[PDB]
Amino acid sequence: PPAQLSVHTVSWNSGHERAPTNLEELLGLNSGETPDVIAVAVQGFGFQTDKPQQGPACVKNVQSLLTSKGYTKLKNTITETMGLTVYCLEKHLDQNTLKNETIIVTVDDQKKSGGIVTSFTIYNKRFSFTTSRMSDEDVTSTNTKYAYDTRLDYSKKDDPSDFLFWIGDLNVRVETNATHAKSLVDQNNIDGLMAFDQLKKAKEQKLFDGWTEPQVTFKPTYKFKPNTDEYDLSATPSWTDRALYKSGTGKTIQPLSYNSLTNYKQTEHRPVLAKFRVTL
C-alpha cells in the first residue's frame, strides 16, 4: 500500500465543442507526471445521441494515450449534458475489493440536469468523483440555481467516502456588474473579485457544505470570445469550471496546483486542471 496517491481532475464546460486531440496537456501529463488517478468531466449538449460521432475519436485517442502509461478506465458515463470518465493505474486495482459503482441523478423530466457519481476502492480507501449540471431557470430540490443535490454528495452518506472530488461547472457565478468585475481582473485582484463569487453563498445555504476549493490565482474562465483571451462582457467574468474536494474520514487531501488551461481557447469557457496528493 502506498502512503500517498496523486489525483488529476479536469473539467470543461465545452458545450457543443469537439474534443481536442492534444489530451496530454489537458490531463496534466505534459511535464512527465504520472498520477495514480485521472478524472475528466465535461458539460455540454448532445453527448449521448452523439450526432458528430465524436465518441469513437475520444475512446480511440484517450485509450491510445493512457493504456500505454499503465491506466485502466474504471468508468465512462455519458448523459445528454454531462460526461464523466475515471481512470486509475492498473497496478492499484484489486478486482475483489474495488466495488466500482456509478449512479446517475436527474432532476428534470428531460434528464438534462442532475449529476453523476463514480466511486471505487483501492487499498481499502474509497474514492468518489462527482460532476453535476443545473440550469439557471430550473425548479430544484434546493430552490437555488446551483448544481448541488444531496444525492450526489457522498460526504453526507452514513458511511462517507475517504476521498471526494466534485468537478464541473457548478453554476456558481460572480455576482457583480461587468465593469467592476473587469476592473478587478485588470488589476489582478483575484481575491477581491472572488469576494463576489457565489460559492460562499451556496455554502451559507448548506450546499457544498464542508467542501473546499483550492486557492484560485487564475483569472475568470468565462466568458471569452473564442480563440482570444478577450472577455465577452455580455456576461460578468466568472469562475465556471471548479474543483472541490473533501474527506469523509479525516484524510489529508493536499492540492498541488489549480489552474485554467489558457492554451485551450477554442471556446467560451477555459478548462480547469487540478492536481492533488492524497494521504491514505
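Sequential numbering from 1, following the sequence displayed.
field: Segment of higher mean CA temperature factor, 160-168 or 68-76
entry: Mean B over CA atoms: larger for 68-76.
task: Name the higher of the two by mean Cα B-factor in the PDB entry, 50-58 versus 239-247.
output: The stretch with the larger average C-alpha B-factor is 50-58.
query: From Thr221, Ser31, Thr212, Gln254, which pick has the Cα B-factor that tops the rest in the entry?
result: Largest recorded C-alpha B-factor: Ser31.
Options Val117, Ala202, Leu98, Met194 - largest CA temperature factor per the record: Answer, based on the entry's C-alpha B-factors: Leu98.
- request: Consider only the C-alpha atoms of the modelled residues in this chain, order them by B-factor as the entry records it, and name the third containing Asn189: lowest, middle or highest.
  value: Within its chain, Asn189 is a lowest-third residue by C-alpha B-factor, going by the deposited values.
task: Relative to the other modelled residues of the same chain, rank the CA B-factor of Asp94 and answer lowest, middle or highest third.
output: For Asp94, whose C-alpha B-factor we compare with every modelled residue in the chain, the answer is the highest third.
query: Which third of the chain does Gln110 land in by C-alpha B-factor: lowest, middle or highest?
result: Its C-alpha B-factor, which the entry lists for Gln110, ranks in the highest third among residues of this chain.
Chain-relative CA temperature factor third for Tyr154: According to the entry, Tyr154 has a C-alpha B-factor in the chain's middle third.
message: Sorting by Cα B-factor within the chain, modelled residues only, which third would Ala3 end up in: lowest, middle or highest?
response: Highest third of the chain for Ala3's C-alpha B-factor.
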